[PDB]
Every structure is written in structure tokens, then in C-alpha cells.
Asker: 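Structure in C-alpha cells, see below.
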Amino acid sequence: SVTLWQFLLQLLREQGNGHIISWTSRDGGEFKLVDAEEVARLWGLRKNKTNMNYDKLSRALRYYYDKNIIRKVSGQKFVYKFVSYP
DNA sequence: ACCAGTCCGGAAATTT
DNA sequence: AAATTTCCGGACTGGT
């Protein structure tokens, strides 16, 4: 029953993932998918699937925009922002 | 002009 | 029902 946003948060709150995901503003809730295809693979694997990629994961993130859960940081490649404090 | 990559949302299907 | 997953085609951007 895990959601994409909780999954990204766990990846960010756990040491050792800096080569694939990283804060750019911790207080701002702003993070970068440093190795986006790797993050996507890991997200698919969370559901026992081997074929999740950045296109599909990013579509799920875009569905978060209307929900005020996550927004795009405009003009920063692979950077997104949690709206509620992470 | 072409190409490759990022980002967008629409629909539809599927899964929680 | 809600949260995706899947698939896709366009706009925009930078380089060649």
C-alpha cells in the first residue's frame, strides 16, 4: 500500500542513495532524481515489476500536481518539490 | 532540419 | 473509488 511520494521520501530519508536521489533544498522540500531511470526501476521493483521507467513514474508525479502533493520546480531538470513539509 | 532529451496532459486500463 | 500504470503525441530546448 505504498505510494510514489512516500517511496521517494523514504529514498531521501535513508543514507546511501545520494547517487540516485538527493535534496536540492531540504527546507524547501525540493529534490532531484539524480539517476531518474534508476529511481524508476526501484519504484517498479517495489511492486515486483521490472519495467517501470522515468516516463511512467513522471506521469504519476504529474498526476500529483493537481493534488498539491508534489510540483515541478520549473527549469531545473529532474527536480520536484514536496508541497507539504518533508 | 534533424535528433535526442525532458516535460506536458489525455485517455484508457489496471491495480489498490 | 483512488492511485496509479501504460501508451502516446505534442511543445520546447540545445546542439550539430
Side-chain angles (χ1 to χ4, degrees):
Chain A
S1 65
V2 61
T3 68
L4 178 52
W5 68 263
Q6 322 169 129
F7 170 77
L8 299 175
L9 247 201
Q10 167 51 0
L11 277 196
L12 280 157
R13 281 157 164 182
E14 181 198 36
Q15 258 84 77
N17 298 321
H19 59 295
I20 75 186
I21 200 174
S22 173
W23 293 112
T24 65
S25 183
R26 200 184 228 109
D27 294 353
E30 271 151 53
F31 66 99
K32 192 195 163 126
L33 301 176
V34 183
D35 193 337
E37 300 297 357
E38 182 55 29
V39 176
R41 178 102 98 197
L42 290 169
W43 173 229
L45 269 162
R46 188 82 183 48
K47 309 198 171 156
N48 297 304
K49 305 288 277 331
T50 66
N51 68 322
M52 171 63 56
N53 60 19
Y54 182 53
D55 186 76
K56 299 185 292 194
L57 181 149
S58 75
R59 188 56 188 106
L61 293 176
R62 286 188 295 280
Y63 274 124
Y64 284 150
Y65 296 171
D66 284 338
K67 273 120 198 194
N68 301 347
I69 300 184
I70 276 165
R71 298 279 166 104
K72 185 99 222 322
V73 182
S74 287
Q76 296 180 29
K77 290 187 22 191
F78 306 113
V79 184
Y80 295 83
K81 163 193 200 73
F82 294 96
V83 178
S84 312
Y85 177 57

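Residue numbering restarts at 1 for every chain, and letters A, B, ... go by the order of the sequence lines. The analysis underlying the following values was restricted to heavy atoms, covering all of them including side chains, and did not include hydrogens, waters or symmetry mates.
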Asker: Would you say the side chain of A:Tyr63 and the base of B:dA11 hold a donor-acceptor pair, judged only by whether the two atoms sit under 3.5 Å apart?
Answerer: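 Pair found.
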Asker: Looking at A:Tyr80 versus A:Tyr64, is the centre-to-centre ring distance below 6.0 Å?
Answerer: no
Asker: Report the secondary structure of DNA chain C in dot-bracket form, marking unpaired bases with a dot and bases paired to a different strand with |, and treating Watson-Crick or G-U pairs with both distances under 3.5 Å as paired.
Answerer: ||.|||||||||||||
Asker: Rounded to the nearest 0.5 Å, what's the gap from OG on A:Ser22 to CG on A:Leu11? Could you check?
Answerer: 12.0 Å
Asker: Can you find a heavy atom in the side chain of A:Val83 that is under 4.5 Å from one in the side chain of A:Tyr85?
Answerer: no
Asker: Can you tell me if the side-chain N/O atoms of A:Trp43 get under 4.0 Å from OP1 or OP2 in C:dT4?
Answerer: no
Asker: When you measure from the side-chain N and O atoms of A:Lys49 to the phosphate of C:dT6, is any distance below 4.0 Å, counting only OP1 and OP2?
Answerer: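 Yes, such a contact exists.
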Asker: Rounded to the Å, how far apart are A:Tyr54 OH and B:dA4 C1'?
Answerer: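 In whole Å, B:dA4 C1' and A:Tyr54 OH are 16 Å from each other.
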Asker: Between A:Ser74 and A:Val2, which is nearer to the 5' end of DNA chain B once each is assigned its nearest nucleotide?
Answerer: A:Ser74
Asker: For A:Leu57, answer base if it contacts any base atom (sugar-phosphate contacts may also be present), sugar-phosphate if it contacts only those atoms, and nothing otherwise; contact means non-hydrogen atoms under 4.0 Å.
Answerer: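 Here A:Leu57 touches no strand at all.
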Asker: What is the minimum heavy-atom distance between A:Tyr63 and A:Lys67, and which atoms define it?
Answerer: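 It is O-CD, 3.3 Å.
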Asker: Please evaluate the base of B:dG10 for a donor-acceptor partner in the side chain of A:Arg59 within a cut-off of under 3.5 Å?
Answerer: yes
Asker: If I take atom CD in residue A:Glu37 and atom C1' in nucleotide B:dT6, what distance separates them, rounded to the nearest angstrom?
Answerer: 11 Å
Asker: Using heavy-atom distances to pick each residue's nearest nucleotide on DNA chain C, tell me which of A:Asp55 and A:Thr3 is more 5'.
Answerer: A:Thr3
Asker: Roughly, in whole Å, what's the span from NZ in A:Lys72 to P in C:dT13?
Answerer: 13 Å
Asker: For A:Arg62 and B:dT6, what is the distance between atoms CZ and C1' respectively, to the nearest whole Å?
Answerer: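 For the pair A:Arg62 CZ and B:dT6 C1', the rounded distance is 9 Å.
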Asker: Specify the separation, in whole Å, of atom CG of A:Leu4 and atom P of C:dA2.
Answerer: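 Between P of C:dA2 and CG of A:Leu4: 19 Å.
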Asker: Counting just side-chain N and O atoms, does A:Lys56 come under 4.0 Å of either OP1 or OP2 of C:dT4?
Answerer: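 Answer no for this pair, as no side-chain N or O of A:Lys56 is under 4.0 Å from OP1 or OP2.
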Asker: Checking all strands, does A:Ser58 fall into the base, sugar-phosphate, or nothing category for heavy-atom contacts under 4.0 angstrom?
Answerer: nothing
Asker: Round to a whole Å and report the spacing from CG of A:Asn53 to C1' of C:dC8.
Answerer: 12 Å
Asker: Could you tell me if the side chain of A:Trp43 sits less than 4.5 Å from the side chain of A:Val2, heavy atoms only?
Answerer: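 They are in side-chain contact.
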Asker: With a 4.0 Å cut-off on heavy atoms, is A:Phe7 in touch with a base, just the backbone sugar-phosphate, or nothing at all?
Answerer: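 No contact at all - A:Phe7 keeps every heavy atom at 4.0 Å or more from the nucleic acid.
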Asker: Describe the nucleic acid contact of A:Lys77 in one word from base, sugar-phosphate, nothing, applying a heavy-atom distance below 4.0 Å.
Answerer: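 Here A:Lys77 touches the backbone only, sparing every base.
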Asker: From the options C:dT6, C:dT5, B:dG9, select the nucleotide whose nearest atom is closest to the side chain of A:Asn51.
Answerer: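 Nearest to the side chain of A:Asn51 among the choices is C:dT6.
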Asker: Respond yes when some side-chain nitrogen or oxygen of A:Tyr65 is under 4.0 Å from OP1 or OP2 of B:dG9, and no when none is.
Answerer: no
Asker: What distance do A:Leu12 atom CG and A:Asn17 atom CG have between them, rounded to the nearest 0.5 Å?
Answerer: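 Interatomic distance, A:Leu12 CG to A:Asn17 CG, rounded to 0.5 Å: 8.0 Å.
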Asker: For the pair made of CG in A:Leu33 and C1' in B:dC7, what is the distance, rounded to whole Å?
Answerer: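 Distance, rounded to whole Å: 13 Å.
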Asker: Could you tell me how far apart A:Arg46 (CZ) and C:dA3 (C1') are, to the nearest whole angstrom?
Answerer: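 Result: 15 Å.
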Asker: Measure from the side-chain heavy atoms of A:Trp5 and tell me the nearest of C:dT4, B:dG9, C:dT6.
Answerer: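 Among the listed nucleotides, the one closest to the side chain of A:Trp5 is C:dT4.
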Asker: If the plane angle is over 60° it's perpendicular, under 30° parallel, otherwise tilted; pick one for A:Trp5 and A:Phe82.
Answerer: perpendicular
Asker: In the structure I gave you, are the side-chain heavy atoms of A:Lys49 and A:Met52 within less than 4.5 Å of one another anywhere?
Answerer: no
